[PDB]
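All heavy atoms count here, side chains included; hydrogens, waters and symmetry mates do not. Numbering of residues begins at 1 and proceeds along the displayed sequence.
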Amino acid sequence: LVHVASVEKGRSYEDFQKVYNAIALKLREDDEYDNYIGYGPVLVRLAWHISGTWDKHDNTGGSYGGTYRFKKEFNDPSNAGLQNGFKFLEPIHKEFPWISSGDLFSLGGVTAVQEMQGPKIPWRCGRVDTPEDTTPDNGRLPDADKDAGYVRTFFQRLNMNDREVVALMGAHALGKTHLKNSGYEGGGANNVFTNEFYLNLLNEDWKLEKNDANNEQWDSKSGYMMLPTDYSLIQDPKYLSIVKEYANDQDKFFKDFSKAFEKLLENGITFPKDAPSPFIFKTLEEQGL
Ligand code: HEM
């Protein structure tokens with residue numbers, strides 16, 4: 001399939017900065033969500049899951065068509081919990097009805113990363129809502145009870161290499177698992193974007209335990225947890241080298257995450273040669289708002 005980005009009619013940077021601001025102000029306002037984590041991490045997870053359905057082989061799935069809005073995808077077991085992100089964005093969509101669904105879901109992720117003190121993520125508009133029959137079947141998102149070889153093969157479908165996979169996974173510094181969503185038990189959580197995922201992988205004393213859903217996960221006495229696929233990044237020697245790199249260089253992690261996350265959000269989209277350049281949105285803080 002070819003999906004050509006089409007700018008929402010007459011819109012420019014200032015329009016999208018307004019949408020960014022509305023999302024950011026609501027992120028600040030709705031601070032109580034999920035035991036005071038706020039909506040930042042679930043917005044990042046939503047932007048990833050609406051993108052992570054992409055298949056490079058036939059260009060099905062991906063963020064372009066906004067298909068998460070349709071019941072098949074909305075009800076994917078892999079997406080359990082994401083309804084909260086969708087509900088958060090609903091009033092934003094209603095205030096700015098001109099923005100496409102894929103643009104809104106992906107921008108929500110960019111906004112959340114930046115507002116949580118993450119790197120700037122350049123972002124491009126022009127995703128166009130596609131019909132219900134374009135919604136990808138369930139089962140394209142990854143399982144957590146797997147090893148490094150699984151992770152590496154899985155991400156080849158999204159055209160991501162080892163460095164991109166390790167960078168993207170640093171998002172698991174954010175938020176938590178919820179037993180009722182995924183069968184993984186979380187505890188403490190953070191809503192500030194840092195490279196701490198890599199530091200925790202290397203520095204904590206991990207114990208392989210069974211949780212209350214009878215699934216294995218790696219736990220530390222500090223109350224930290226890792227999925228088996230997280231832990232695989234220190235079991236595989238190629239992933240381990242990159243983990244160490246990011247643990248020792250915050251700026252390099254930020255730069256690599258920004259590139260990979262934009263790429264993830266743009267996979268499947270053809271941008272015309274005279275499309276606008278990617279937008280870099282100012283944070284609320286930078287605007288004095
Ligand atoms: C091997 C690949 C991955 C697997 C198996 C995986 C699995 C999971 C699972 C099981 C959860 C818990 C969901 C819940 O119980 O609420 C989760 C949460 C999350 N994921 Fe991943 N994930 C992967 C990659 C990624 C990527 C690439 C990103 C973004 C760059 C990401 C961002 C997040 C975030 C921010 C959360 C927390 C959401 C919240 O706190 O509500 N994940 N992931």
Side-chain angles (χ1 to χ4, degrees), residues 32-46 48-49 52 76-85 112-113 116-118 141-155 162-250 253 257 261:
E32 299 183 28
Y33 176 71
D34 204 6
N35 198 22
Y36 288 90
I37 294 168
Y39 281 92
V42 71
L43 295 184
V44 177
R45 186 193 161 212
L46 178 62
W48 140 238
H49 276 208
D76 190 343
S78 301
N79 286 339
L82 291 184
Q83 300 94 334
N84 297 114
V113 169
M116 291 188 288
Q117 303 170 231
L141 293 163
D143 292 337
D145 68 335
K146 298 289 197 279
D147 62 11
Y150 171 90
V151 173
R152 176 173 287 124
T153 297
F154 174 88
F155 272 103
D162 283 0
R163 289 181 68 86
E164 291 169 317
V165 166
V166 177
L168 285 169
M169 212 77 72
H172 278 182
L174 303 167
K176 67 186 182 184
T177 67
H178 309 80
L179 208 66
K180 65 172 163 56
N181 288 345
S182 61
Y184 291 98
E185 183 125 320
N190 194 26
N191 57 10
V192 180
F193 196 100
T194 67
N195 69 338
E196 289 177 9
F197 172 78
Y198 311 101
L199 292 162
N200 291 337
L201 273 170
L202 298 175
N203 296 332
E204 296 296 308
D205 187 4
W206 300 106
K207 307 296 181 181
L208 182 60
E209 299 184 328
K210 258 186 176 181
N211 67 33
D212 284 345
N214 200 33
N215 299 319
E216 290 186 316
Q217 61 182 68
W218 291 93
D219 297 325
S220 77
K221 55 176 192 186
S222 301
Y224 298 96
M225 63 81 73
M226 295 287 173
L227 302 168
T229 45
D230 292 327
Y231 195 80
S232 87
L233 302 186
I234 60 166
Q235 292 177 307
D236 175 275
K238 298 189 206 81
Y239 284 154
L240 177 61
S241 293
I242 304 160
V243 170
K244 289 173 180 179
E245 179 180 346
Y246 291 149
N248 285 286
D249 191 340
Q250 299 180 278
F253 167 52
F257 182 87
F261 192 61

- Message: Run the side chain to side chain contact (heavy atoms under 4.5 Å, CB included) test against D147 and tell me which residues pass, sequence neighbours left out.
- Response: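 Expected list: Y150.
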- Evaluation steps, side-chain contact (heavy atoms from CB on, under 4.5 Å), between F257 and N195: CA-CA 10 Å; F257 182 87; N195 69 338; over 6 Å; no
- Do NZ/NE/NH1/NH2 and the carboxylate oxygens of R163 and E245 come within less than 4.0 Å?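 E245 and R163: salt-bridged.
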- Message: Assess whether a salt bridge exists between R152 and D162, defined as any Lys/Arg side-chain N lying under 4.0 Å from an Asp/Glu carboxylate O.
- Response: yes
Closest non-hydrogen atom pair between [X] and [Y], with its separation:
{"X": "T194", "Y": "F253", "answer": "O-CE2, 3.5 Å"}
{"X": "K176", "Y": "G187", "answer": "CD-O, 3.8 Å"}
{"X": "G81", "Y": "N181", "answer": "CA-ND2, 3.6 Å"}
{"X": "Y239", "Y": "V165", "answer": "OH-CG1, 3.9 Å"}
{"X": "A112", "Y": "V44", "answer": "CB-CG2, 3.7 Å"}
{"X": "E185", "Y": "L179", "answer": "OE1-CD2, 3.2 Å"}

- Message: Tell me if a side-chain donor or acceptor on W206 pairs with a main-chain N or O of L201 at a distance below 3.5 Å.
- Response: yes
- Can any side-chain N or O of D236 pair as donor or acceptor with the backbone N or O of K238 at less than 3.5 Å? yes
- Assess whether ring pair (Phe, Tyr, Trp, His ring centres under 6.0 Å) is satisfied between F155 and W48, documenting all intermediate values. CA-CA 13 Å; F155 272 103; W48 140 238; 5.8 Å; yes
Are a donor atom and an acceptor atom from the side chains of [X] and [Y] found within less than 3.5 Å of each other?
{"X": "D34", "Y": "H178", "result": "yes"}
{"X": "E204", "Y": "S222", "result": "yes"}
{"X": "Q217", "Y": "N215", "result": "no"}
{"X": "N214", "Y": "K210", "result": "yes"}

Taking the side chain as everything from C-beta on, heavy atoms only, tell me whether [X] gets closer than 4.5 Å to [Y].
{"X": "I242", "Y": "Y198", "value": "no"}
{"X": "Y33", "Y": "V42", "value": "yes"}
{"X": "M116", "Y": "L174", "value": "yes"}

Report, one line per pair, each donor and acceptor closer than 3.5 Å where one atom sits in a side chain of residues 223-235; sequence neighbours left out.
unit_1: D230; atom_1: OD1; unit_2: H172; atom_2: ND1; d: 2.8
unit_1: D230; atom_1: OD2; unit_2: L227; atom_2: N; d: 2.9
unit_1: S232; atom_1: OG; unit_2: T229; atom_2: O; d: 2.8

Just how far is it from atom [atom1] of [X] to atom [atom2] of [Y], taken to the nearest 0.5 Å?
{"X": "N200", "Y": "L202", "atom1": "CG", "atom2": "CG", "value": "9.0 Å"}
{"X": "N203", "Y": "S220", "atom1": "CG", "atom2": "OG", "value": "11.0 Å"}
{"X": "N211", "Y": "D219", "atom1": "CG", "atom2": "CG", "value": "8.0 Å"}

- Under the side-chain hydrogen bond (donor to acceptor under 3.5 Å, both in side chains) rule, collect the residues that match up with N190, sequence neighbours excluded.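 None.
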- Query: Do the two ring centres, one from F197 and one from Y246, sit under 6.0 Å apart?
  - Reply: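 No, the ring of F197 stays outside the 6.0 Å limit from the ring of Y246, centre to centre.
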- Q117 atom CD, neighbour heavy-atom count above 12 within 6.0 Å: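 No, because the 6.0 Å sphere around CD of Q117 holds 12 heavy atoms or fewer from other groups.
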